[PDB]
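Scroll down for the structure; my scribbles are underneath it.
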2 protein chains.
Amino acid sequence: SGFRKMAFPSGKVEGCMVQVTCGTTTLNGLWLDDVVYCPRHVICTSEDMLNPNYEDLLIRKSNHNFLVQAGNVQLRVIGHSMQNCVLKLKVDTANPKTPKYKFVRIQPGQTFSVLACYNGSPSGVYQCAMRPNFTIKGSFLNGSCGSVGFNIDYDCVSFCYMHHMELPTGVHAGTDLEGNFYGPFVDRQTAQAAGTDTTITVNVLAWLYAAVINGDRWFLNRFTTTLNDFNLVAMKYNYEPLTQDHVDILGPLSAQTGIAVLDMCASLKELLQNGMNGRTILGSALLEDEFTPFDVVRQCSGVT
Amino acid sequence: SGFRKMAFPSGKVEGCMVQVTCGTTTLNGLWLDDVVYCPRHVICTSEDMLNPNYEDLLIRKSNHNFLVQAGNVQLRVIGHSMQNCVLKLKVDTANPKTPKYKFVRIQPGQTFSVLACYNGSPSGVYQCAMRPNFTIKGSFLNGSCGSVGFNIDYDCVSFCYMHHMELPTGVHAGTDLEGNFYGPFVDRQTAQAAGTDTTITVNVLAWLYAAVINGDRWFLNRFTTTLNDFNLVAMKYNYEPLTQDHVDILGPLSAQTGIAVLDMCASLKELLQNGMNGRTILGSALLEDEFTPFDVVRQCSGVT
Ligand SMILES: CCC(=O)Nc1ccc(N(Cc2ccsc2)C(=O)Cn2nnc3ccccc32)cc1
Ligand SMILES: CCC(=O)Nc1ccc(N(Cc2ccsc2)C(=O)Cn2nnc3ccccc32)cc1
């Protein structure tokens, strides 16, 4: 028992982190097979960051201008190309530590682990969720760009995020591993504000089921609701509207606990309307939304 | 910017996890050099768990009775011994993935990362603190025993915890890597209740400094206090008494923010007396105590 914000073991990703330097800018790269993936803003100087023309900037760059170091050894760059907001540096050596991997573009509300890196070296790992406004509430400092987000299915690593920027609001924006930004963000040092950050309702319900499985039951009530009634309350509290797809994914949790999804929604409704009244759920005084129903099942069963 | 409950990269520990089986019981082992460390209750059956005589139980066991598997390959056991509550299985092969390592016994209030494992395979990593009552609020299921807690200083892994049991209260108890339990716990399935869990005051203050560094300043007030006045309030709220040693370790955080330690204590005092009033600090509606001053400095500077 016990419930924790758990990240995937980072080992398979640690073996992929390299340092990429272009001129005087150093950031992280992801070495998979014979390709190193990194944010394209590695080619930028502080002046050409206000409004950079990456195609024009990359013209003045050659393979020898990109320094790729894996631990203490230098990789030889034999090709370079830009795919959306990422640079792909072809190296002459395949990474011997390349795990089985995939590049996936995650949906908002889905969770992933981030291996924060500096100078190609890992500093820490934590669990994140892609917010409905397509930002992540991470922990990144200057030099962390190129750090990646990922999920792991037994031996396969699904890379889903590459860190590119911090918005003036302290939230983080980045791309998938094809260089496409999540959300409307551009790799330009300009006014970019995030949209309304809504709560991921299906994840809060999954976390309420995790609380029941782990002994925290005070919030269970004698009531039920309907999807339409619940959604009127979810709208009022800037919670994502709950759909039948969401009810369906909560099915295994509903079956494990014997608490119908709509009954759990009525518990959530009362918690939204009345608050926690100074109480806690799974050691938290707020409703946690960064655990998906899959995460709750995984942690509560022991998938390695 | 941003503040997260970050764990150390688990890679160096993943390469040490093995599966240990004795009869019909399987748990995790830690392979370092030519020794495999695991909880001694691996030799127990469900009957000899109510009151086990481990010396008598281990007499009926030979080197060949301990099955050690590293991934898909079997290790040959050439020696076995009991050191306090751990078994040390000498194997004929040194772990090629053995990192630079130390065995340390941590102090209550100190933090560490746990790599939760099942059948010698890692499932996840999370950050923990050794509670003042010597328990950890982890996330462990049956089969997780032998999972380890650790800290990392650049390339050196300091192992500090090995998981042994879950108390009836859902909290976790375990040993250091010499087999000595943290706290008064015994490896026996008996009534063992934890003492009062107090809040780690120095860690809450460190987390308030992290909130200031990251923009959350609403809680800063126009007041100050003394160590004796603050401690009268800390006693009332079952917070650990703050000492000059604690003030000293908060020095670098106090210097970074320019907020005197006693002024921050007065902010904490008002937060304890008045509560959060529906507000949050670093995305939390309660006072977080599982970040030490070292953790805050590390995360807010980027130590890899
Ligand atoms: C020498 C060249 C140079 O100064 N480059 C540079 C690169 C990226 C950034 N930006 C903004 C931006 C502008 C275009 S693309 C991204 C970040 O947000 C980088 N970043 N990412 N996470 C951060 C966390 C803290 C501080 C900075 C952070 C700032 C400067
Ligand atoms: C076949 C032999 C057998 O049944 N062994 C066994 C081993 C350990 C436990 N105990 C209690 C205990 C008694 C003596 S030493 C520890 C746990 O708390 C194991 N444990 N650790 N974390 C857990 C989390 C969930 C369930 C059980 C957990 C229970 C059973």
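For the structure tokens, the naming scheme is as follows: chains receive sequential letters (A, B, ...) according to their order of presentation, residues are indexed from 1 within each chain, and ligands are indexed from 1 in presentation order.
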Counting only C-alpha atoms and all ligand atoms, which residues of chain A sit at most 12 Å from some atom of ligand 2, and what is each one's closest atom pair with its distance in Å to one decimal, listed by chain and rising residue number, as a Markdown table?
```
| residue | atom | partner | partner_atom_place_in_ligand_line | distance |
| --- | --- | --- | --- | --- |
| A:1 | CA | ligand 2 | 25 (C) | 5.3 |
| A:2 | CA | ligand 2 | 24 (C) | 8.2 |
| A:3 | CA | ligand 2 | 24 (C) | 11.2 |
| A:214 | CA | ligand 2 | 25 (C) | 10.4 |
| A:299 | CA | ligand 2 | 24 (C) | 11.8 |
| A:300 | CA | ligand 2 | 25 (C) | 10.0 |
| A:301 | CA | ligand 2 | 25 (C) | 10.5 |
| A:302 | CA | ligand 2 | 25 (C) | 10.6 |
```
Residue 230 (chain B) surroundings by only C-alpha atoms, 10 Å radius, close-in-sequence under 3 positions cut, as a list in words = residues 224, 225, 226, 227, 233, 234, 235, 241, 242, 262, 265, 266, 268 and 269 of chain B
request  = Please give me, as a ChimeraX atom specification, the residues lying within 10 Å of ligand 1 when counting only C-alpha atoms and all ligand atoms.
outcome  = /A:22-27,39-52,85,138-147,163-168,170-174,185-190 /B:1-2
Residue selection dump (C-alpha atoms) as a PDB file, in the first residue's frame:
```
ATOM      1  CA  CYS A  22      26.929  24.934 -31.137  1.00  0.00           C
ATOM      2  CA  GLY A  23      29.259  27.877 -30.834  1.00  0.00           C
ATOM      3  CA  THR A  24      28.872  29.067 -27.263  1.00  0.00           C
ATOM      4  CA  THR A  25      25.461  27.437 -26.543  1.00  0.00           C
ATOM      5  CA  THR A  26      25.370  24.036 -24.844  1.00  0.00           C
ATOM      6  CA  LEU A  27      22.166  21.992 -24.342  1.00  0.00           C
ATOM      7  CA  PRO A  39      16.179  21.634 -29.798  1.00  0.00           C
ATOM      8  CA  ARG A  40      16.957  23.692 -32.895  1.00  0.00           C
ATOM      9  CA  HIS A  41      17.456  26.856 -30.789  1.00  0.00           C
ATOM     10  CA  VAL A  42      20.978  25.414 -30.055  1.00  0.00           C
ATOM     11  CA  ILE A  43      22.076  27.370 -33.233  1.00  0.00           C
ATOM     12  CA  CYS A  44      20.853  30.676 -31.756  1.00  0.00           C
ATOM     13  CA  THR A  45      22.737  33.548 -30.153  1.00  0.00           C
ATOM     14  CA  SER A  46      20.920  35.834 -27.634  1.00  0.00           C
ATOM     15  CA  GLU A  47      20.279  38.480 -30.358  1.00  0.00           C
ATOM     16  CA  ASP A  48      18.776  36.055 -32.938  1.00  0.00           C
ATOM     17  CA  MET A  49      16.278  34.694 -30.339  1.00  0.00           C
ATOM     18  CA  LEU A  50      13.850  37.688 -30.320  1.00  0.00           C
ATOM     19  CA  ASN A  51      12.848  36.699 -33.932  1.00  0.00           C
ATOM     20  CA  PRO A  52      15.098  33.878 -35.277  1.00  0.00           C
ATOM     21  CA  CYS A  85      11.791  22.616 -34.153  1.00  0.00           C
ATOM     22  CA  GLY A 138       8.210  20.979 -14.678  1.00  0.00           C
ATOM     23  CA  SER A 139      11.433  21.886 -12.930  1.00  0.00           C
ATOM     24  CA  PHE A 140      13.928  23.158 -15.457  1.00  0.00           C
ATOM     25  CA  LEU A 141      16.803  25.640 -15.255  1.00  0.00           C
ATOM     26  CA  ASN A 142      18.856  27.251 -18.090  1.00  0.00           C
ATOM     27  CA  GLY A 143      20.824  24.452 -19.804  1.00  0.00           C
ATOM     28  CA  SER A 144      17.978  21.879 -19.297  1.00  0.00           C
ATOM     29  CA  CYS A 145      16.753  22.217 -22.927  1.00  0.00           C
ATOM     30  CA  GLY A 146      16.879  18.922 -24.788  1.00  0.00           C
ATOM     31  CA  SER A 147      15.822  17.009 -21.623  1.00  0.00           C
ATOM     32  CA  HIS A 163      12.086  20.467 -23.452  1.00  0.00           C
ATOM     33  CA  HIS A 164      12.463  23.755 -25.337  1.00  0.00           C
ATOM     34  CA  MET A 165      11.336  26.717 -23.234  1.00  0.00           C
ATOM     35  CA  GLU A 166      10.003  28.306 -20.117  1.00  0.00           C
ATOM     36  CA  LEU A 167       7.173  30.778 -20.534  1.00  0.00           C
ATOM     37  CA  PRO A 168       7.232  34.057 -18.535  1.00  0.00           C
ATOM     38  CA  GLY A 170       7.183  29.745 -15.062  1.00  0.00           C
ATOM     39  CA  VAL A 171       5.485  26.901 -16.976  1.00  0.00           C
ATOM     40  CA  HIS A 172       7.223  24.804 -19.604  1.00  0.00           C
ATOM     41  CA  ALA A 173       6.735  24.277 -23.341  1.00  0.00           C
ATOM     42  CA  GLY A 174       8.250  21.773 -25.679  1.00  0.00           C
ATOM     43  CA  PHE A 185       4.092  27.792 -28.687  1.00  0.00           C
ATOM     44  CA  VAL A 186       6.866  28.936 -30.997  1.00  0.00           C
ATOM     45  CA  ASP A 187      10.647  28.721 -30.278  1.00  0.00           C
ATOM     46  CA  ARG A 188      10.964  32.484 -30.051  1.00  0.00           C
ATOM     47  CA  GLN A 189      11.637  34.675 -26.968  1.00  0.00           C
ATOM     48  CA  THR A 190       8.320  36.500 -27.187  1.00  0.00           C
TER      49      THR A 190
ATOM     50  CA  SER B   1      12.009  27.618 -12.491  1.00  0.00           C
ATOM     51  CA  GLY B   2       9.402  25.209 -11.090  1.00  0.00           C
TER      52      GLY B   2
END
```
Reference chain B, mobile chain A, all Cα atoms fitted, written as a CSV table (one decimal) with C-alpha atoms, in the first residue's frame:
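Final file, out30.csv:
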```
chain,number,residue,atom,x,y,z
A,1,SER,CA,12.0,27.6,-12.5
A,2,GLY,CA,9.4,25.2,-11.1
A,3,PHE,CA,9.7,22.9,-8.1
A,4,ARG,CA,9.2,19.1,-8.2
A,5,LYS,CA,9.6,16.1,-5.9
A,6,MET,CA,12.6,14.9,-7.9
A,7,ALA,CA,14.3,11.6,-7.5
A,8,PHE,CA,17.9,10.8,-8.5
A,9,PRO,CA,18.4,9.1,-11.9
A,10,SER,CA,17.9,5.4,-11.0
A,11,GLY,CA,20.2,3.9,-13.7
A,12,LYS,CA,23.1,3.0,-11.5
A,13,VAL,CA,20.7,1.2,-9.1
A,14,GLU,CA,18.8,-0.6,-11.9
A,15,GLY,CA,22.0,-2.3,-12.9
A,16,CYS,CA,22.3,-3.7,-9.3
A,17,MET,CA,18.8,-5.2,-8.9
A,18,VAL,CA,18.5,-9.0,-8.9
A,19,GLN,CA,15.8,-11.5,-8.0
A,20,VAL,CA,16.4,-13.8,-5.0
A,21,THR,CA,14.3,-16.9,-4.4
A,22,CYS,CA,14.4,-19.2,-1.4
A,23,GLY,CA,12.0,-22.0,-1.7
A,24,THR,CA,8.8,-20.5,-2.7
A,25,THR,CA,9.5,-16.9,-1.6
A,26,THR,CA,10.9,-14.4,-4.2
A,27,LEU,CA,12.1,-10.9,-3.3
A,28,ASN,CA,14.6,-8.3,-4.6
A,29,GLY,CA,18.4,-8.4,-4.0
A,30,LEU,CA,21.1,-5.7,-4.5
A,31,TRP,CA,24.2,-7.1,-6.3
A,32,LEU,CA,27.3,-5.0,-5.6
A,33,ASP,CA,30.7,-6.5,-6.4
A,34,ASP,CA,30.4,-10.3,-5.6
A,35,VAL,CA,27.8,-9.9,-2.9
A,36,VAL,CA,24.0,-9.9,-3.1
A,37,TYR,CA,22.2,-8.2,-0.2
A,38,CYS,CA,18.5,-9.0,0.5
A,39,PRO,CA,16.1,-9.1,3.5
A,40,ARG,CA,16.6,-12.1,5.7
A,41,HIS,CA,12.9,-12.9,5.8
A,42,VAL,CA,13.4,-14.4,2.3
A,43,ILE,CA,14.1,-17.7,4.2
A,44,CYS,CA,10.7,-17.6,5.9
A,45,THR,CA,7.5,-19.5,5.2
A,46,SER,CA,4.1,-17.9,6.3
A,47,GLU,CA,4.0,-20.0,9.5
A,48,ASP,CA,7.5,-19.1,10.7
A,49,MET,CA,6.8,-15.3,10.3
A,50,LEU,CA,4.6,-14.9,13.4
A,51,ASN,CA,7.8,-15.5,15.5
A,52,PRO,CA,10.8,-16.6,13.3
A,53,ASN,CA,14.1,-17.8,14.7
A,54,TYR,CA,16.3,-16.7,11.8
A,55,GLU,CA,19.4,-18.4,13.1
A,56,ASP,CA,17.5,-21.8,13.3
A,57,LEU,CA,15.8,-21.2,9.9
A,58,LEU,CA,19.1,-20.3,8.2
A,59,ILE,CA,20.7,-23.6,9.5
A,60,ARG,CA,18.4,-25.6,7.3
A,61,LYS,CA,19.5,-23.5,4.2
A,62,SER,CA,22.5,-24.2,2.0
A,63,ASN,CA,24.1,-22.0,-0.8
A,64,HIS,CA,22.2,-23.9,-3.4
A,65,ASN,CA,18.9,-23.1,-1.8
A,66,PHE,CA,19.3,-19.4,-2.7
A,67,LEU,CA,18.5,-18.7,-6.3
A,68,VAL,CA,19.9,-15.5,-7.6
A,69,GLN,CA,18.9,-14.3,-11.1
A,70,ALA,CA,20.3,-11.2,-12.7
A,71,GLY,CA,18.0,-10.4,-15.7
A,72,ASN,CA,17.8,-13.8,-17.4
A,73,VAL,CA,21.0,-15.3,-16.1
A,74,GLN,CA,21.6,-17.3,-12.9
A,75,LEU,CA,24.3,-16.3,-10.5
A,76,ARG,CA,26.2,-19.1,-8.6
A,77,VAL,CA,26.1,-18.8,-4.8
A,78,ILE,CA,29.3,-19.7,-3.1
A,79,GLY,CA,28.7,-18.2,0.4
A,80,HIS,CA,25.8,-17.1,2.6
A,81,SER,CA,25.8,-15.2,5.9
A,82,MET,CA,23.4,-13.2,8.0
A,83,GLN,CA,24.3,-9.6,9.1
A,84,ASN,CA,21.6,-8.3,11.4
A,85,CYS,CA,18.3,-8.5,9.3
A,86,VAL,CA,20.0,-8.9,5.9
A,87,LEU,CA,21.4,-11.9,4.1
A,88,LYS,CA,24.6,-11.5,2.2
A,89,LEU,CA,25.0,-14.0,-0.6
A,90,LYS,CA,28.5,-14.3,-2.0
A,91,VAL,CA,28.3,-15.0,-5.7
A,92,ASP,CA,31.2,-16.2,-8.0
A,93,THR,CA,30.8,-13.1,-10.3
A,94,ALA,CA,31.3,-9.4,-9.5
A,95,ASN,CA,28.5,-7.3,-10.9
A,96,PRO,CA,30.0,-5.6,-14.0
A,97,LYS,CA,27.5,-2.8,-13.6
A,98,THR,CA,28.6,-2.1,-9.9
A,99,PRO,CA,28.8,1.7,-9.6
A,100,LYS,CA,31.0,3.6,-7.0
A,101,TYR,CA,29.0,3.0,-3.8
A,102,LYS,CA,28.8,3.5,0.0
A,103,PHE,CA,26.6,2.1,2.7
A,104,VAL,CA,25.3,5.0,4.9
A,105,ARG,CA,22.8,5.1,7.8
A,106,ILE,CA,20.7,8.2,7.3
A,107,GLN,CA,19.3,10.5,9.9
A,108,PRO,CA,15.5,11.0,10.3
A,109,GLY,CA,14.4,14.0,8.2
A,110,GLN,CA,16.9,13.2,5.5
A,111,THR,CA,15.6,12.3,2.0
A,112,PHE,CA,16.4,9.6,-0.5
A,113,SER,CA,15.1,8.1,-3.7
A,114,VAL,CA,13.5,4.5,-3.8
A,115,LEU,CA,13.7,2.3,-6.8
A,116,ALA,CA,10.6,0.0,-6.3
A,117,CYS,CA,11.3,-3.5,-7.7
A,118,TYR,CA,9.4,-6.7,-8.2
A,119,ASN,CA,11.1,-10.0,-9.2
A,120,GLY,CA,14.4,-8.1,-9.5
A,121,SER,CA,12.9,-5.7,-12.1
A,122,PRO,CA,12.4,-2.0,-11.5
A,123,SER,CA,8.9,-0.6,-11.7
A,124,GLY,CA,9.4,3.0,-10.6
A,125,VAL,CA,11.3,5.6,-8.7
A,126,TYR,CA,10.2,8.2,-6.2
A,127,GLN,CA,11.6,10.5,-3.6
A,128,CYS,CA,11.1,9.7,0.1
A,129,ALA,CA,12.1,11.0,3.6
A,130,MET,CA,13.0,9.0,6.6
A,131,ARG,CA,10.2,10.2,9.0
A,132,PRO,CA,11.2,11.3,12.6
A,133,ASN,CA,9.4,8.1,13.7
A,134,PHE,CA,11.8,6.1,11.4
A,135,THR,CA,9.1,4.9,9.0
A,136,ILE,CA,8.9,5.9,5.3
A,137,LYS,CA,5.6,6.7,3.5
A,138,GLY,CA,6.4,4.7,0.4
A,139,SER,CA,4.5,2.8,-2.3
A,140,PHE,CA,5.3,-0.9,-1.9
A,141,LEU,CA,3.3,-4.0,-2.8
A,142,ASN,CA,4.0,-7.7,-1.8
A,143,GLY,CA,7.2,-8.7,-3.6
A,144,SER,CA,8.8,-5.2,-3.3
A,145,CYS,CA,11.0,-6.3,-0.3
A,146,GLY,CA,14.7,-5.8,-1.0
A,147,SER,CA,14.0,-2.6,-3.0
A,148,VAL,CA,16.5,0.0,-2.0
A,149,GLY,CA,16.7,3.7,-1.0
A,150,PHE,CA,19.7,5.7,-2.1
A,151,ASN,CA,21.3,9.1,-2.7
A,152,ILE,CA,23.8,10.0,-5.5
A,153,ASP,CA,26.9,12.3,-5.3
A,154,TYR,CA,27.9,12.7,-9.0
A,155,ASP,CA,29.1,9.1,-9.7
A,156,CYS,CA,28.9,7.6,-6.1
A,157,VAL,CA,25.7,5.8,-4.9
A,158,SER,CA,25.1,6.0,-1.1
A,159,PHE,CA,22.7,3.2,-0.3
A,160,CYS,CA,20.7,4.0,2.8
A,161,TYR,CA,17.6,1.8,2.9
A,162,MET,CA,16.4,-1.7,2.1
A,163,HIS,CA,12.7,-2.3,2.2
A,164,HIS,CA,11.5,-5.0,4.7
A,165,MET,CA,7.9,-4.5,5.8
A,166,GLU,CA,4.7,-2.7,5.8
A,167,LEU,CA,3.2,-1.9,9.2
A,168,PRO,CA,-0.6,-2.4,9.7
A,169,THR,CA,-0.9,1.4,9.4
A,170,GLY,CA,0.2,1.3,5.7
A,171,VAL,CA,3.6,2.9,6.5
A,172,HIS,CA,6.9,1.2,5.6
A,173,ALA,CA,9.8,-0.1,7.7
A,174,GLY,CA,13.3,-1.2,6.7
A,175,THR,CA,17.0,-1.4,7.3
A,176,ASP,CA,20.2,0.3,6.4
A,177,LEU,CA,22.5,-1.9,4.1
A,178,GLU,CA,24.1,-3.4,7.3
A,179,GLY,CA,20.7,-4.9,8.1
A,180,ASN,CA,20.0,-2.7,11.1
A,181,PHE,CA,16.3,-1.5,11.2
A,182,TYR,CA,15.6,2.2,11.3
A,183,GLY,CA,13.5,2.6,14.4
A,184,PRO,CA,12.3,-0.1,16.8
A,185,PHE,CA,10.9,-2.4,14.2
A,186,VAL,CA,11.6,-6.1,14.1
A,187,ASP,CA,11.2,-8.4,11.0
A,188,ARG,CA,8.3,-10.3,12.6
A,189,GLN,CA,4.6,-10.2,11.6
A,190,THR,CA,3.4,-8.7,14.9
A,191,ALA,CA,1.7,-5.5,16.3
A,192,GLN,CA,4.2,-2.8,15.7
A,193,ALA,CA,2.8,0.7,15.7
A,194,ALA,CA,4.8,3.7,14.7
A,195,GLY,CA,5.4,6.6,17.1
A,196,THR,CA,4.1,10.1,16.6
A,197,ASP,CA,5.0,11.3,13.1
A,198,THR,CA,6.2,14.9,13.5
A,199,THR,CA,6.8,17.4,10.8
A,200,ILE,CA,10.4,18.0,9.7
A,201,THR,CA,10.6,21.8,10.4
A,202,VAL,CA,13.9,22.5,8.8
A,203,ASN,CA,12.6,20.8,5.5
A,204,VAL,CA,9.4,22.9,5.6
A,205,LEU,CA,11.5,26.1,5.9
A,206,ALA,CA,13.8,24.9,3.1
A,207,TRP,CA,10.6,24.4,0.9
A,208,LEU,CA,9.4,27.9,1.9
A,209,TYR,CA,12.7,29.3,0.6
A,210,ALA,CA,12.2,27.2,-2.6
A,211,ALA,CA,8.8,28.8,-3.0
A,212,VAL,CA,10.3,32.3,-2.7
A,213,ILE,CA,13.0,31.5,-5.3
A,214,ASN,CA,10.3,30.2,-7.7
A,215,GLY,CA,7.9,33.1,-7.3
A,216,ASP,CA,5.4,32.0,-4.6
A,217,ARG,CA,5.7,34.9,-2.0
A,218,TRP,CA,2.2,35.5,-0.7
A,219,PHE,CA,3.1,33.9,2.7
A,220,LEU,CA,5.9,36.4,3.4
A,221,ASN,CA,4.9,38.6,6.3
A,222,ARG,CA,6.1,41.7,8.2
A,223,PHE,CA,7.1,39.7,11.3
A,224,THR,CA,10.0,37.9,12.9
A,225,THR,CA,10.3,35.5,15.9
A,226,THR,CA,13.0,33.9,18.1
A,227,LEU,CA,14.0,30.2,18.2
A,228,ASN,CA,12.3,29.8,21.6
A,229,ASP,CA,9.1,31.6,20.5
A,230,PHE,CA,9.0,29.6,17.2
A,231,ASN,CA,9.6,26.3,19.0
A,232,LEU,CA,6.6,26.9,21.3
A,233,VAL,CA,4.4,27.0,18.1
A,234,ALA,CA,6.3,24.1,16.6
A,235,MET,CA,5.6,22.0,19.7
A,236,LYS,CA,1.9,22.8,19.5
A,237,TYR,CA,1.7,21.7,15.9
A,238,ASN,CA,3.9,18.5,16.3
A,239,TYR,CA,6.7,20.1,14.3
A,240,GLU,CA,10.3,19.1,15.2
A,241,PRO,CA,12.1,21.7,17.4
A,242,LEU,CA,14.3,24.0,15.3
A,243,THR,CA,17.9,24.3,16.5
A,244,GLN,CA,20.9,26.5,15.6
A,245,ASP,CA,22.3,23.6,13.5
A,246,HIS,CA,19.1,23.9,11.4
A,247,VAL,CA,19.4,27.7,11.1
A,248,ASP,CA,23.0,27.2,10.0
A,249,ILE,CA,22.1,24.7,7.2
A,250,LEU,CA,19.4,27.1,6.0
A,251,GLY,CA,22.2,29.8,5.7
A,252,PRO,CA,22.7,29.4,1.9
A,253,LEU,CA,19.0,29.7,1.3
A,254,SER,CA,18.7,32.6,3.6
A,255,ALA,CA,21.6,34.3,1.7
A,256,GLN,CA,20.2,33.5,-1.8
A,257,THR,CA,16.8,35.1,-0.9
A,258,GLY,CA,17.9,37.7,1.6
A,259,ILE,CA,15.2,36.5,4.0
A,260,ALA,CA,16.6,35.9,7.5
A,261,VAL,CA,15.9,32.4,8.9
A,262,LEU,CA,14.0,33.8,11.9
A,263,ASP,CA,11.8,35.9,9.5
A,264,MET,CA,11.0,32.8,7.5
A,265,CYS,CA,10.2,31.0,10.8
A,266,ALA,CA,7.7,33.9,11.5
A,267,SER,CA,6.1,33.2,8.1
A,268,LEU,CA,5.9,29.5,9.0
A,269,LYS,CA,4.4,30.4,12.5
A,270,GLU,CA,1.6,32.5,10.8
A,271,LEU,CA,0.9,29.7,8.3
A,272,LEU,CA,0.7,27.2,11.2
A,273,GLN,CA,-1.7,29.4,13.2
A,274,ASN,CA,-3.9,30.7,10.3
A,275,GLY,CA,-3.6,27.9,7.7
A,276,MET,CA,-3.3,28.5,3.9
A,277,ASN,CA,-6.8,30.1,3.7
A,278,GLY,CA,-7.5,28.1,0.5
A,279,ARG,CA,-4.2,29.2,-1.1
A,280,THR,CA,-1.3,27.0,-2.4
A,281,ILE,CA,2.5,27.1,-2.2
A,282,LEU,CA,4.5,25.4,-5.0
A,283,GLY,CA,1.2,23.7,-6.2
A,284,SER,CA,0.6,22.3,-2.7
A,285,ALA,CA,-2.2,23.1,-0.2
A,286,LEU,CA,-0.2,21.8,2.8
A,287,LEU,CA,3.3,22.5,4.1
A,288,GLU,CA,5.7,20.1,2.4
A,289,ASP,CA,8.5,18.5,4.6
A,290,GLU,CA,10.2,16.0,2.3
A,291,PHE,CA,12.8,18.4,0.7
A,292,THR,CA,15.9,19.1,2.8
A,293,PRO,CA,17.9,22.4,2.5
A,294,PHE,CA,20.5,20.4,0.4
A,295,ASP,CA,17.7,19.2,-2.0
A,296,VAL,CA,16.4,22.8,-2.5
A,297,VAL,CA,19.9,24.1,-3.3
A,298,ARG,CA,20.6,21.1,-5.6
A,299,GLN,CA,17.3,21.5,-7.6
A,300,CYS,CA,17.5,25.3,-7.7
A,301,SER,CA,21.2,25.1,-9.0
A,302,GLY,CA,21.2,22.0,-11.3
A,303,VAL,CA,23.7,19.5,-9.7
A,304,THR,CA,24.1,16.5,-12.0
```
request  = Would you please give, as a ChimeraX atom specification, all residues of region 118-150 of chain A that DSSP assigns to strand (DSSP E or B) based on the backbone?
outcome  = /A:118,121-129,136,148-150
request  = List every residue of region 32-178 of chain B that DSSP, applied to the backbone of this structure, assigns to alpha helix (DSSP H), and report them as a VMD selection string.
outcome  = chain B and resid 54 to 59
Residues from last step as file, N, CA and C atoms, as a PDB file, in the first residue's frame:
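The new file part-v2.pdb reads:
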```pdb
ATOM      1  N   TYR B  54      15.432 -16.779  13.015  1.00  0.00           N
ATOM      2  CA  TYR B  54      16.261 -16.723  11.814  1.00  0.00           C
ATOM      3  C   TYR B  54      17.537 -17.523  11.878  1.00  0.00           C
ATOM      4  N   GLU B  55      18.191 -17.629  13.053  1.00  0.00           N
ATOM      5  CA  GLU B  55      19.409 -18.444  13.139  1.00  0.00           C
ATOM      6  C   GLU B  55      19.067 -19.922  12.900  1.00  0.00           C
ATOM      7  N   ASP B  56      17.963 -20.393  13.495  1.00  0.00           N
ATOM      8  CA  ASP B  56      17.523 -21.774  13.342  1.00  0.00           C
ATOM      9  C   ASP B  56      17.039 -22.048  11.916  1.00  0.00           C
ATOM     10  N   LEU B  57      16.367 -21.057  11.293  1.00  0.00           N
ATOM     11  CA  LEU B  57      15.843 -21.187   9.930  1.00  0.00           C
ATOM     12  C   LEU B  57      16.949 -21.219   8.894  1.00  0.00           C
ATOM     13  N   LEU B  58      17.979 -20.406   9.110  1.00  0.00           N
ATOM     14  CA  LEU B  58      19.099 -20.331   8.194  1.00  0.00           C
ATOM     15  C   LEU B  58      19.961 -21.603   8.242  1.00  0.00           C
ATOM     16  N   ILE B  59      19.952 -22.370   9.376  1.00  0.00           N
ATOM     17  CA  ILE B  59      20.706 -23.640   9.520  1.00  0.00           C
ATOM     18  C   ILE B  59      20.234 -24.669   8.479  1.00  0.00           C
TER      19      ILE B  59
END
```
